[PDB]
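Chemist: In the first instance, please consider these chains from the complex; the rest will follow:
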Amino acid sequence: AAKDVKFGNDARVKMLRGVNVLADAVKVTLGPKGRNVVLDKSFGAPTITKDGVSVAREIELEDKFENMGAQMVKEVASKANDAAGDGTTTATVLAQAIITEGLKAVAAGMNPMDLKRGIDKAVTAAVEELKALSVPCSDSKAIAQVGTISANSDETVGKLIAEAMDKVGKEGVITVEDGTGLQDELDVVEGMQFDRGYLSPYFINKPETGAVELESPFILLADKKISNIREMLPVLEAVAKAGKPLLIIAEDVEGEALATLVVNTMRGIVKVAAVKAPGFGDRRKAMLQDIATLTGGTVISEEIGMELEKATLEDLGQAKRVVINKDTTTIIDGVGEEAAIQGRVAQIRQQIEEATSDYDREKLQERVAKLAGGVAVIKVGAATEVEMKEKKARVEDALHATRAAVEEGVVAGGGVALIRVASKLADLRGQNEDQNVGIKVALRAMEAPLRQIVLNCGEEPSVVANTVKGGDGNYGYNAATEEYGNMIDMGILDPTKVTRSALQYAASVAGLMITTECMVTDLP
């Protein structure tokens, strides 16, 4: 394929032009005074949304070089979403502000490599300063406050989360599913969650969540890599019988057997999912047999001689419900006797004392907490059906925020956290003049999130940002009420984790983009 190549200044202006389209399409949806962005669909009515992720996903430009620019900063928005779930628009407004001001310096005739190091040092210092500004959420009374304001002043939502975290702990696994009737239910059932995602994106069946949800799915467990589907068939054929989906945990299922499972599921023939096993090597083999007893199935490995050809349904585990993130797989209520699991539990409790090491201890406790710790199931209750399904997603986006509120804490919202960090790093310097500007680029980029919220509110961003900088602490601007004051007292707050993710990722890409000299793409 014939290629087009652009160099230097010529190449960069095409990126800036490209990112500016994606940014300006997203930055308009920032804050509560945000604007609607309409996205066209071929089938019927257009989609009107404020969700910065949905808008970002749709952007793809005509000019191949511009497209690259745009597609580069898009990779950040989506990754910020993967880290926290929040702050995708806040990431993108930052990224733009670093790139626009960054490239200005490069064009002025400054060393890009010194500019990158200036930005990254300013960021590493900003993350460090941010941890100091963070107000932790320890007790289950302050945890309830975060879940309430995140779900639009709903006290019923925050009460459930606090009760769920009081059962499984702060490290425990909490999941939300559809309710049975009129009252919110809460049970702790035997389940497990491990840190591996879906094997391919086309496994999804949730129109919005980007998730794979399977009701009463049988579980196949394979220690060996599956290349050909020629081995899976005898199992797969018995899973079509008694039409219930299939979950494949293995070392790997990649190459041929994956694509044939993608062709099938999407065509409609049997709902299936594939997921890489947790961990690696010797500690994997154990974890898998842990799932196996908990899910009531049996492991199949080439090591003893058990091949998938001769694999009936007892080898297959049963679970009540499974959910698969982009980066996580989780199970709810597997079959497996009270004893059967708690028996395997003690078989790891012995291993705590028998093996004398530093690292070997951790893995055993991170296994027993997944397995004997349990899983929290909150079933939402309302009167009419559409009042339940609306109260469902409300809890889900009020949980993700609470999760981040526990791990790193909550900083002052309204983009004031960053603008407060900015004034506290004014004395920060690099090694040479070029690095010094690199810092000032990053510090002037931290003002942009606030400035963008004010712009949507109709007020002059310059005036408001200047007033917030003059006052000290958690004093900021409420765009909803057009009133100044203490942000924490006004319920305006952002989880520290989301703001840390938004800044770090946005700097990471800008750093790579500032050091760009050559672009190679396909010919129009």
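Modeler: Done, it's in. Numbering: from 1, shown residues only, chains lettered A, B, ... in the order given.
Chemist: okay, CA-based contacts and neighbour counts for the rest of this
Modeler: Fine.
Chemist: quick one: the strands in the stretch 401-524 of chain A?
Modeler: Using DSSP state E, counting those that start in this stretch, the strands found in the stretch 401-524 of chain A span residues A:410-412, A:475-478, A:483-486, A:493-495, A:518-522.
Chemist: Run me through the strand neighbours of the last one, direction for each.
Modeler: To tie it back to what came earlier, the one meant is strand A:518-522. strand A:3-7 (antiparallel) (DSSP bridges).
Chemist: Report whether the expected contact of residue A:55 with residue A:37 is present.
Modeler: Yes - counting by C-alpha atoms under 8 Å, residue A:37 is a contact partner of residue A:55 at 7.2 Å.
Chemist: which residues do those two both contact?
Modeler: Residues touching both residue A:55 and residue A:37 (C-alpha atoms under 8 Å, 6 or more residues apart in numbering): A:25, A:49.
Chemist: So residue A:206 versus residue A:10, what's the distance?
Modeler: Using C-alpha to C-alpha, to the nearest Å, we find residue A:206 at a distance of 43 Å from residue A:10.
Chemist: swap in residue A:215?
Modeler: Applying C-alpha to C-alpha, the value for residue A:215 to residue A:10 is 54 Å.
Chemist: what's the answer for residue A:456, then?
Modeler: Distance from residue A:456 to residue A:10, by C-alpha to C-alpha: 33 Å.
Chemist: more crowded one of these two?
Modeler: In this view residue A:456 and residue A:10 are compared by other C-alpha atoms under 10 Å, and residue A:456 has more residues nearby, 20 against 12.
Chemist: Identify the residue nearest the geometric centre of chain A.
Modeler: The centre of chain A sits closest to residue A:82, judged by C-alpha atoms, centre = their mean, with a distance of 2.3 Å.
Chemist: throw chain B on there as well:
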Amino acid sequence: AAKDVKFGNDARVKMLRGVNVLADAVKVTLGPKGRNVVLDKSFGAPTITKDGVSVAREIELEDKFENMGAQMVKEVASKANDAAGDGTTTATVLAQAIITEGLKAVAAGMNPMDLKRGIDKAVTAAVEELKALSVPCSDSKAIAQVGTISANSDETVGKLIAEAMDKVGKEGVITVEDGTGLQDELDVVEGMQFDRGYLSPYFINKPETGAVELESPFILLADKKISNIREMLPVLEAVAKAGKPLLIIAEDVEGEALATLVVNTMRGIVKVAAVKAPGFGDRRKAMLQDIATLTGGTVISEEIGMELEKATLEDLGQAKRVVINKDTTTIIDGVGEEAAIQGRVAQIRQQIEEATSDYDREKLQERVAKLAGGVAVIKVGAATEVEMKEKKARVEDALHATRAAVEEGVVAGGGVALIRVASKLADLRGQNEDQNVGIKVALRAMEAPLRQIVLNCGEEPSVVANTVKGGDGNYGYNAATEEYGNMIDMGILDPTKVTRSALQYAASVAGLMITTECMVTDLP
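Modeler: Chain B, in position alongside the others:
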């Protein structure tokens, strides 16, 4: 796919241009002095119609951005149709008037978010003012008056509706079907109606009721989500013996199970209809069993161990007819024993009296109201079939209006109801100047429906609207006779429900469209 993105003022003018096409094509058919709109078809003769829905459906513009605008306000027209069945043209004329005047303010330099809140507050106040202006229809003598004038001064139509409502009640289920002979018949047969419509559009046979219609159909009842059709087959091709259509009521009907049922009804090879089971969860199973008894069939569940691959024709329920709208499904004549149905009467009669929880008593009544409350059936008769048809249609074209006349009442027609509300909300104010204009935009939009009817009548709208505002009460303009007077006395009236729907929906979309800053569509 490469995308085109437009921002701000540039993006909005394409919407306005787009909505103006759909609006101007529809607003010409308003009132009785309305004009004909001709719609082209590839096969043979063009369709000449005044129906604002039929005209709206056909509009789809070339310019992708314009198309979006047009397709946005179309959603409303169709949704107003879903709420009432009337006032689709009245909705669209309103929507245009809010958008055109709204965007004018945005372009002047006013906050869209404040303009939206100004409109919505003016609307919430207008709905509240509308309820006060409403004249209720309580007794069955005033109910007969509404059915008479809605069917073009036909007294035979209004008499049947009043007799039907005197049998099953105001909450009762009333259905119209083809007559047997020369006299109008009225029986109450064992049937039920639940708040679930067709699961896919492609089930529609005749697009007049906008519904599925099945003669002598079997019914299947199962409390499970249908994965694959490799479960249905032994039943589907069992109903094909003796040759009759089938009804499918399952938790859901998704995936391959859905699409292959679609392909089989469409191509003719046995006609089936997929509808959800009503309510949810625990009273999902309960409300479904009610139907099983009513139909003389059986239930196939998840807990017990009953699968589809062993249900004979005996295991199926049966009916004389089923009517399936978008949000509705109603059954007629259940082959179930006269005692077995009455046995479930006692099985709910024991539940009401023995209820510790205060909520059950409410919905248990809403179970016997659909079971022992009944279903009324009117068979319209004449000497010629060409007047059996024409008279059959005249009853349904009077029932939908009577339904709304009972639920919320009837206001003064001629678009005077809204113009009367307009003068009564002149003192309404918001929080800032921008919100204040948002209200005045909505109030000047309420004048448009009347103004549009007068425009079709050839008279100057400005003069007539000014005369109607000067006088008070139910004093309006009769466009048919070119005479002023009391609207109620002249038989010109609109169901409160339709006018409330027309205003609310039209404001809802305008609100979303005013807050639009970015549009993303496919490249030409």
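Chemist: circling back to that earlier point, which strand or helix spans the residue nearest to the centre of chain A?
Modeler: helix A:64-83 (DSSP states H and E).
Chemist: The next helix or strand after that helix - contacts with which helices or strands?
Modeler: Per DSSP H and E, the first helix or strand lying C-terminal to helix A:64-83 is helix A:88-108. Applying 3 or more C-alpha pairs under 8 Å, 6 or more residues apart in numbering or on different chains; DSSP states H and E, one finds that helix A:88-108 makes contact with helix A:8-26, helix A:52-58, helix A:64-83, helix A:433-445, helix A:448-456, helix A:496-514.
Chemist: To chain B, which of the ones you listed lies closest?
Modeler: Closest to chain B of the helices and strands packed on helix A:88-108 is helix A:8-26 (C-alpha to the nearest C-alpha; 6.0 Å).
Chemist: Could you list every helix and strand in contact with the closest one?
Modeler: Judged by 3+ C-alpha pairs under 8 Å, 6+ apart, the packing partners of helix A:8-26 are helix A:52-58, helix A:64-83, helix A:88-108, strand A:518-522.
Chemist: switch the cut-off to 6 Å
Modeler: If you count contacts as 3 or more C-alpha pairs under 6 Å, 6 or more residues apart in numbering or on different chains; DSSP states H and E, helix A:8-26 packs onto helix A:64-83.
Chemist: Can you tell me the element residue A:378 falls in?
Modeler: strand A:375-379.
Chemist: Against which helices or strands is that strand packed?
Modeler: strand A:173-177, strand A:185-189.
Chemist: among the helices and strands packed on helix A:88-108, which is nearest residue A:142?
Modeler: helix A:496-514 (15.1 Å; C-alpha to C-alpha).
Chemist: Kindly incorporate the sequence below as chain C:
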Amino acid sequence: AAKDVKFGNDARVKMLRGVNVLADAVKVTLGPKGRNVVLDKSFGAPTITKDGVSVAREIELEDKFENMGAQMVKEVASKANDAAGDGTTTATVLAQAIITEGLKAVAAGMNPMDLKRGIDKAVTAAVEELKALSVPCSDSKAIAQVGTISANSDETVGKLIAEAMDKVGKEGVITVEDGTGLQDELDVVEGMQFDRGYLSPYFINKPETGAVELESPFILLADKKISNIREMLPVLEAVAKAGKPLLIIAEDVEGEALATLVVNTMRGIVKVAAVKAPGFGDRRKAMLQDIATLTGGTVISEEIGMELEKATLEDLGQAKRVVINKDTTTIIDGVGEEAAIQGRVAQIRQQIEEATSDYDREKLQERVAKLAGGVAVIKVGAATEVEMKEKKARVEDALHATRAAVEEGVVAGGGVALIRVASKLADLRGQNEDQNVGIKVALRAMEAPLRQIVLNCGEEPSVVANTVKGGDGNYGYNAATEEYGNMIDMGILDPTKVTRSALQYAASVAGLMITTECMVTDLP
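Modeler: Chain C added:
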């Protein structure tokens, strides 16, 4: 000639586009942080200047309609210059801000005639409020302060003005000419100044002032309108003998006599100029004899029997310098007599002893105030013809500032005077909503001069204007030092007259331009 005609919105956007070119070309030169504008000349080097008048004069657009717009606001800049000599840029920045915001309202759908009345009422109130904010200059100590700061902190300049005003008075006539040597000289010589302009703008020899100037000149005086040169030859033929310029003061100079003298001075064959006879009718005939006695010549009129043919050298009058503005003739050091002037005065003062009417008195008083009041003359003195020309240049301009400082006073500079008036008229209302916006347009236009100065200074105008509004009084922003403080104490001040002229004129044109619906121009 074939014409092009544009109507309404189409016609207005061409004006706005047109004024925006002239405004943006001038507004960049506002304040002391102003930018340079380069003007091209066909002959040699381009002219680099900051003078808002020189820039305005040069603007003339290609698009005939755009040109009209631009040429309309240009008429104001030049007229502000005619009133004060200062504030031409400040006028233009105001005019733009009223037009831009004005037309926005017209396009929104508001009555132009109500918008004009709203602006004019806001202005009449602003001029009234401005008189209250003015700090008068009464004593000759505070008069010296104004002449010092206007001439770039030069105390020698301010000392001369104060000494000149102590001789002839505040109403007295003061003129500046070239010096003889090394010290500044000050004499009071027998002269007079009256209020008429030149008949041709092509008589102007020194364009920098925009004025006519003749050394040791001859003078004609005639109570008759001159139309033919056949009456003029034997006069003009005598002028080349004794090589010196000529000044005609006749009733009027018409058609031929005009076009003769205008072109026949371009050639360089006899420099001349012609101005209208001061006053009218009866008071016309005397004022001329005054001049004749003042100069030492004689008058010539058809009334008595005096023809223009036998007008010799002695019938002509002699001064030592005559200066003519757009609207200001001034005869300096007329070689009359001791006994003739003292005689004519003691005669005119006897007329007021026999004063019959209140008014007849006044115009007689004002007539000796001219004749017996004399003219003060200042001969600037410095080393070489480089600092002599420069000092004279700072004097002329500062005198002009001191003149206005006496008549109306001095307000607080930095454009704060207007922005202070703006906050004090916030409660001002009109008769209807459209008039109310007309006022708010004018009040937001008063902020622009300050905002434009800050823009040139590089600082954000929004931030600075917001800070000036918060504080009260003569507290403003110094753009030269980037410091806030009391403007009067910092020497930053504007003569009230100039700010009054700048506002009134800018509103006058904007008012006319807002009420424009049709434009007629020549075809391209």
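Chemist: once more on what packs on strand A:375-379, this time with chain C?
Modeler: Against strand A:375-379 (3+ C-alpha pairs under 6 Å, 6+ apart) you get strand A:173-177, strand A:185-189.
Chemist: need the ones you listed in a markdown table with distance to chain B and mean neighbour count, can you?
Modeler: Shown next, in a markdown table, are the helices and strands packed on strand A:375-379 (distance: least, C-alpha to the nearest C-alpha, whole Å; neighbours: other C-alpha atoms under 10 Å in any protein chain shown):
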| stretch | distance to chain B | mean neighbour count |
| --- | --- | --- |
| strand A:173-177 | 12 | 18 |
| strand A:185-189 | 13 | 16 |
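Chemist: for those strands, which one sits closest to chain C?
Modeler: Taking C-alpha to the nearest C-alpha, strand A:173-177 is the member of those nearest to chain C, at 48.5 Å.
Chemist: Give me the buried positions along stretch A:411-430.
Modeler: Across stretch A:411-430, burial judged by 16 or more other C-alpha atoms under 10 Å in any protein chain shown covers A:411-422, A:425, A:429-430.
Chemist: swap in stretch A:24-33?
Modeler: Neighbour-count burial for stretch A:24-33, with 16+ other C-alpha under 10 Å as criterion, is recorded at A:24, A:25, A:26, A:27, A:28, A:29, A:30, A:31, A:33.
Chemist: just stretch A:258-277 next, same as before
Modeler: For stretch A:258-277, burial by neighbour count (16+ other C-alpha under 10 Å) applies to A:258, A:261-262, A:265-266, A:268-277.
Chemist: Next one: residue A:510 from residue C:155, what distance?
Modeler: 58 Å.
Chemist: Tell me which of the two has more neighbours.
Modeler: Between residue A:510 and residue C:155, residue A:510 has the larger neighbour count (other C-alpha atoms under 10 Å in any protein chain shown), namely 26 against 14.
Chemist: contacting residues for the more buried one?
Modeler: Applying C-alpha atoms under 6 Å, 6 or more residues apart in numbering or on different chains, we find residue A:510 in contact with residue A:99.
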